[PDB]
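Residue numbers (this note's numbering), protein chains in the order written: chain A, 170 to 374; chain B, 17 to 191. Idealized CB from N, CA, C, for every residue including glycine.
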Amino acid sequence: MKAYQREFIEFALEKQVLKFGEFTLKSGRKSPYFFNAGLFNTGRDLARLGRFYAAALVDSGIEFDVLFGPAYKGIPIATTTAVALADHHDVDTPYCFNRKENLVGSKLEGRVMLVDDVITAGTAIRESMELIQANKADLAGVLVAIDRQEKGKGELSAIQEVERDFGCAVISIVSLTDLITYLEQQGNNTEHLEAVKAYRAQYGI
Amino acid sequence: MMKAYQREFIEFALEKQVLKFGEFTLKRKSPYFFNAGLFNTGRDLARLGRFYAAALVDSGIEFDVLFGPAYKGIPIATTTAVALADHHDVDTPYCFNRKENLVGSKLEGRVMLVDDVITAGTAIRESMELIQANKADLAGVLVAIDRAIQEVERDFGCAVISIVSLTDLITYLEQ
Ligand SMILES: [Cl-]
């Protein structure tokens, strides 16, 4: 995986946004991990998050003319991503978000990149799509923080349903698979820990 | 004289024509106009948080949570928190409301609100009532510009501050 994906995971772990262990999901299943981007709730958590969404966006190479964040959760995420693009990528993108009710910022025109936290059932995307549709712009992509890569009600994932229903690509910072790589790519900790302690014991303090 | 950040903010806000001086009518009259909703690019937003952050640091007001009223306060609070963290090493909990309820960090201690103009009365007062109803205190409200304020200041017991003043705007346009 690339550097930003590794640094995202570590950051999510540091902030307790990502956690491993036993977890009962409010949506049936028992899961081995918990992920809740809502815990990125301070100014430095947001700065970093804008920068990780921005990195993921530039990595995809998808061209977009406006970054749209749906009310309400998409608003801060679009905001910090837009900021990360101006200051760290020298990309000055128009940005837009809606009021529930009607548009703040730029016009919804051309290729629209929707940014949000997660794709649960595709709800926020459906209302937004009706705004894009209405404005005769098209949905070029949706960017979320994590792609869980698991079957839903049927056989397609929640992301795959969004792709089918709206015709856009879904972009994620990271995926279940990255979480496995990350875990599989760890330097046998207790092995090195003991050797480091042993080396210390003989040369320490 | 006005500080560097104050001069730079006026210059910024005038270029984008988001800030205007003249004679305007609100739904009552005003000598200035400012609608942060007119900023339309990420670079605008970037510069915006930095000016709010500079104002907030300069004010020396202590606060535990940065709050943004729906809807315009939300991107303002977000980018202001990003700037605080990035440029001033101040990592502040943030929160905002759904006009619809709260999103972000738990609302506790002293809460500083940020928004574009104070004639954003109804949105700010409600946010303010909502903060209080949640047992947190009000540190103050920071707007981009002012001289309305009197009212909020009387019945909520907190200060209303701004990045710049009407005087600074008029002085700027003289120089
Ligand atoms: Cl608003």
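Between the Cα of residue i and the Cα atoms of the options, which residue gives the shortest distance?
{"i": "residue 340 of chain A", "options": "A/209, A/369, A/224, A/295", "result": "A/224"}
{"i": "residue 179 of chain A", "options": "A/351, A/344, A/366, A/374", "result": "A/351"}
{"i": "residue 58 of chain B", "options": "A/318, A/203, A/275, A/299", "result": "A/275"}
{"i": "residue 171 of chain B", "options": "B/144, B/186, B/190, B/162", "result": "B/144"}
{"i": "residue 260 of chain A", "options": "A/250, A/267, A/266", "result": "A/250"}
{"i": "residue 278 of chain A", "options": "A/262, A/202, A/243", "result": "A/262"}
{"i": "residue 78 of chain B", "options": "B/115, B/158, B/168", "result": "B/158"}
{"i": "residue 86 of chain B", "options": "A/271, A/208, A/295", "result": "A/271"}
{"i": "residue 266 of chain A", "options": "A/170, A/257, A/287, A/235", "result": "A/235"}
{"i": "residue 342 of chain A", "options": "A/191, A/282, A/316, A/331", "result": "A/316"}
{"i": "residue 191 of chain A", "options": "A/185, A/200, A/183, A/336", "result": "A/200"}
{"i": "residue 119 of chain B", "options": "A/242, A/300, A/268, A/258", "result": "A/242"}
{"i": "residue 171 of chain A", "options": "A/270, A/374, A/347", "result": "A/347"}
{"i": "residue 264 of chain A", "options": "B/98, B/190, B/61", "result": "B/61"}
Could you tell me which residues DSSP puts in a beta bridge with residue i?
{"i": "residue 41 of chain B", "result": "B/45"}
{"i": "residue 263 of chain A", "result": "B/57"}
{"i": "residue 73 of chain B", "result": "Answer by DSSP bridge pairing: none, since residue 73 of chain B is not bridged."}
{"i": "residue 340 of chain A", "result": "A/312"}
{"i": "residue 326 of chain A", "result": "A/320"}
{"i": "residue 50 of chain B", "result": "B/35"}
{"i": "residue 298 of chain A", "result": "The partner list for residue 298 of chain A (beta bridge, DSSP) is empty, contrary to what the question assumes."}
{"i": "residue 131 of chain B", "result": "Residue 131 of chain B is not bridged to any residue."}
{"i": "residue 126 of chain B", "result": "B/153"}
Straight-line CA distance for residue i to residue j?
{"i": "residue 138 of chain B", "j": "residue 43 of chain B", "result": "12 angstroms"}
{"i": "residue 24 of chain B", "j": "residue 83 of chain B", "result": "24 angstroms"}
{"i": "residue 363 of chain A", "j": "residue 370 of chain A", "result": "10 angstroms"}
{"i": "residue 221 of chain A", "j": "residue 245 of chain A", "result": "14 angstroms"}
{"i": "residue 328 of chain A", "j": "residue 361 of chain A", "result": "39 angstroms"}
{"i": "residue 284 of chain A", "j": "residue 247 of chain A", "result": "6 angstroms"}
{"i": "residue 228 of chain A", "j": "residue 326 of chain A", "result": "23 angstroms"}
{"i": "residue 323 of chain A", "j": "residue 64 of chain B", "result": "45 angstroms"}
{"i": "residue 344 of chain A", "j": "residue 332 of chain A", "result": "16 angstroms"}
{"i": "residue 290 of chain A", "j": "residue 114 of chain B", "result": "21 angstroms"}
{"i": "residue 154 of chain B", "j": "residue 349 of chain A", "result": "45 angstroms"}
{"i": "residue 393 of chain A", "j": "residue 205 of chain A", "result": "What is shown of chain A runs 170 to 374, which leaves residue 393 of chain A out entirely."}
{"i": "residue 128 of chain B", "j": "residue 174 of chain B", "result": "10 angstroms"}
{"i": "residue 197 of chain A", "j": "residue 303 of chain A", "result": "36 angstroms"}
Helix, strand or coil: how does DSSP classify residue i here?
{"i": "residue 4 of chain B", "result": "The structure shown does not extend to residue 4 of chain B, since chain B is modelled only from 17 through 191, so no value can be given for it."}
{"i": "residue 161 of chain B", "result": "strand"}
{"i": "residue 421 of chain A", "result": "The structure shown does not extend to residue 421 of chain A, since chain A is modelled only from 170 through 374, so no value can be given for it."}
{"i": "residue 83 of chain B", "result": "strand"}
{"i": "residue 66 of chain B", "result": "helix"}
{"i": "residue 191 of chain B", "result": "coil"}
{"i": "residue 26 of chain B", "result": "helix"}
{"i": "residue 232 of chain A", "result": "coil"}
{"i": "residue 366 of chain A", "result": "helix"}
{"i": "residue 124 of chain A", "result": "Since the first and last residues shown for chain A are 170 and 374, residue 124 of chain A lies out of range."}
{"i": "residue 360 of chain A", "result": "helix"}
{"i": "residue 137 of chain B", "result": "helix"}
{"i": "residue 374 of chain A", "result": "coil"}
{"i": "residue 104 of chain B", "result": "helix"}
For residue i, go through chain E and note every residue whose CB falls closer than 7 angstroms to its CB, in chain order.
{"i": "residue 251 of chain A", "result": "Looking at the structure shown, chain E is missing, and the protein chains on hand are A and B."}
Proximal residues, the stretch 150-177 of chain B versus chain A, C-beta separation under 9 angstroms: none
Residues of the stretch 20-34 of chain B in Cβ contact with chain A at a cutoff of 9 angstroms, in chain order, please. none
Check each residue of the stretch 208-219 of chain A: if its Cβ is closer than 7 angstroms to any Cβ of chain B, include it; give the result in chain order. 210, 211, 212, 213, 215, 216, 219
Can you pull out the residues from the stretch 119-153 of chain B whose beta carbon lies closer than 8 angstroms to at least one beta carbon of chain A? 119, 120, 121
Residues in the stretch 256-275 of chain A with C-beta within 8 angstroms of chain B's C-beta atoms, listed in sequence order? 256, 260, 261, 262, 263, 264, 265, 266, 268, 269, 273, 274, 275
Taking a cut of 8 angstroms between CB atoms, which residues from the stretch 77-91 of chain B lie near chain A? 82, 86, 87, 88, 90, 91
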